[PDB]
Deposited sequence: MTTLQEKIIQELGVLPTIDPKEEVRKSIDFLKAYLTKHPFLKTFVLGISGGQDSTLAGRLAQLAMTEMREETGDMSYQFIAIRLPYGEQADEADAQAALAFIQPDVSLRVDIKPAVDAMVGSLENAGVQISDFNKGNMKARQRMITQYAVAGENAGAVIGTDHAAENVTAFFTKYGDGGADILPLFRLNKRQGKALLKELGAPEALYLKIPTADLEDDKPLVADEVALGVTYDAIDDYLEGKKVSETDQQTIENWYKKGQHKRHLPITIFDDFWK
């Protein structure tokens, strides 16, 4: 077996899916977890306006709607949290997703006071935080907010990690990677778009002739989501793009595992 075949097996990506069936697989998986853990009543997720948190939010809300209808228990709710950095941050994209999700609870918590206070307390010790590190600080502060809300409403924190993000470890360790359950895990980027299309999401929520332009995530990675998805579907990509993808994989192995103990061997 090759590294590509192994990575595909590890992430459980299928070269082709049934988007209608995958939506049911995602929802039934969520519902099955609630039933086995009666102490869990709510689902919490930060809604950023992006494809991932929109799809994971809709699947979470659809799960809770079925739960409270099957069980009659009205405690089953999904809580959406808008987590802007600052008070003049554009939230048009976020509430466009909110209109599609239709969450039972819609909250807004500004993370700028906490992040700025933590940055200041760090500068008080000679630690100046770079621009990119501050981004990781924002993702971890958003992790704290979602877990603070779940810690009050007997909830579980939904995670937006999927296959295309996991190969590249394109997430903040214990930031957006810090969550309780992963409804999107197994799907690549374009497969996530297919599920959003299956759920009747307005086309402006996953998209935005000549070549398609690049998004911020692809500029950082040096490889497009189409190559990443082709790779995870078992298709042959260029030697250059394959090297980029597998380099990100080995680079982010520590994010794909629990904290490293003396018994681990994956890193050697």
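K.L.:
Should a student be asked to find the unmodelled regions, what ranges of the deposited sequence would be the right answer here?
P.N.:
Missing from the model are residues 1, 210-215.
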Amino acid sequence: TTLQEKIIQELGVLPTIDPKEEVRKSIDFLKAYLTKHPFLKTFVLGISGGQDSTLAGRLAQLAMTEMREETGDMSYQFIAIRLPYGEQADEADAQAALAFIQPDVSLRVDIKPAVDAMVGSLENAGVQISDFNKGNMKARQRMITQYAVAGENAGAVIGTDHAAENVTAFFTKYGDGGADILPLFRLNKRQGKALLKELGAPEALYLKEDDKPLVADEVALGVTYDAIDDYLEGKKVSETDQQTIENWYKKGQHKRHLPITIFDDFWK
From here on, numbers count along this sequence of modelled residues.
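K.L.:
Taking only the CA atoms, which stretch has the higher mean B-factor in the record, 57-65 or 212-220?
P.N.:
It is 212-220.
K.L.:
Averaging only over Cα atoms, indicate whether 231-239 or 199-207 has the higher B-factor in the PDB entry.
P.N.:
According to the PDB entry, the answer is 199-207.
K.L.:
According to the Cα B-factor stored in this entry, which of the following is highest: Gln191, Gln141, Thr71, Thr172?
P.N.:
Answer for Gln191, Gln141, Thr71, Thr172: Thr71, with the highest C-alpha B-factor.
K.L.:
Which of these has the highest Cα B-factor in the record: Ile111, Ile129, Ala156, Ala163?
P.N.:
Highest CA B-factor of the listed options: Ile129.
K.L.:
In terms of the CA temperature factor given in the entry, to which third of its chain does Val115 belong: lowest, middle or highest?
P.N.:
It falls in the bottom third of the chain.
K.L.:
Could you say whether, by C-alpha temperature factor, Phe43 belongs to the lowest, middle or highest third of its chain?
P.N.:
Its C-alpha B-factor, which the entry lists for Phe43, ranks in the lowest third among residues of this chain.
K.L.:
Please place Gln95 in the lowest, middle or highest third of its chain according to the CA B-factor in the PDB entry.
P.N.:
It belongs to the highest third of the chain when residues are ordered by C-alpha B-factor.
K.L.:
Please place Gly86 in the lowest, middle or highest third of its chain according to the CA B-factor in the PDB entry.
P.N.:
Its C-alpha B-factor belongs to the highest third of this chain's values.
K.L.:
With respect to C-alpha B-factor, does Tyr147 fall in the lowest, middle or highest third of the chain as deposited?
P.N.:
Its C-alpha B-factor belongs to the lowest third of this chain's values.
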